[PDB]
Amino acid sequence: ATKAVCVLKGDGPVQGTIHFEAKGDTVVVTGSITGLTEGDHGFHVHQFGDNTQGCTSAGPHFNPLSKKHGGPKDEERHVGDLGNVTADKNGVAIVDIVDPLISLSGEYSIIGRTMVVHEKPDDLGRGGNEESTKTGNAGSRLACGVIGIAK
């Protein structure tokens, strides 16, 4: 309801624990992802909490409003579009995102969906090519986990 958690795992070395907390009409996303290459990595909620085929079965970006892909600060974005996390030289990205569109309740609830961190930076839907309007050219899914209710 007010707190959620996600453990991201994959076939490679990328892992992390993400926490979610409802604050006013926002959700605060914190935690850290480890094992990344230094630099930016796309970071989105995908539609399905389905880990039967790794991160592949998570489906596309959570997009209940049928909008094009964007950055978290854009009006035109998927609900799940949380932009980029940035990993330091040691491969650690400290996640600190305050987002007004995702929710832990109601129609926009991300409970039971999947958090995904990507191989490449998210171009935030500015590129204008076809792939940018769906995924932001973030490339493959390095690690993922199902978003669960937390104590």
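Residue indices: 1-based, along the sequence shown. The term rigid core refers to the most C-alpha atoms you can superpose between the two forms while keeping them within 1.5 Å.
Once the structures in 6 other deposited structures of this protein are superposed via the core, the pair 110-118 and 22-30 is resolved in favour of 22-30 as the more displaced stretch (C-alpha RMS). Per-stretch RMS Cα distance to the displayed form in 6 other deposited structures of this protein, following rigid core alignment, is highest for 125-133 when 125-133 and 9-17 are compared. Stretches compared: 124-132, 7-15. Higher mean C-alpha B-factor in the entry: 124-132. The mean Cα B-factor in the deposited entry runs higher for 35-43 than for the other of 35-43 and 108-116.
Comparing C-alpha B-factors across 58, 94, 28, 65 in the deposited entry, the largest value falls on 65.
When the CA B factors of the chain's modelled residues are split into thirds, the value for residue 70 lands in the highest one.
Split the chain's modelled residues into thirds by C-alpha temperature factor. Residue 143 is in the lowest one.
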